[PDB]
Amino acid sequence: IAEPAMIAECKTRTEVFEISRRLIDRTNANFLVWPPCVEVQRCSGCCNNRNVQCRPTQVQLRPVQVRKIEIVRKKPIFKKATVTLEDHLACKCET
């Protein structure tokens, strides 16, 4: 027997972001990345008022080091690479 639904409020929530090919190299997508994905903070959730989307008031940029593993034809190469993560830190319902 059912119970009463609670709205997902507009706040920052831990999400999983996958680190794609295009973020380091479009021209040659014949390589890999470690780790393959990282945690981030994003705004998500619904708004109580009509015609207000949940959106971020404050975004933090956070650069992070990963490894690019190029299959250089037959042989692995390990390069370091930095990627910049966009973290949301606060949310507001806005028009």
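The first residue of the shown sequence is 1; numbering continues from there.
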| query | finding |
| --- | --- |
| Coordinates lacking for residue 28, a third or more of other entries | yes |
| Which of 66-74 and 38-46 has higher mean CA B factor, as the PDB entry lists it | 66-74 |
| Comparing 21-29 with 82-90, the one whose average Cα B-factor in the PDB entry is higher | 21-29 |
| Third of the chain, ranked by Cα B-factor, where residue 1 sits | highest |
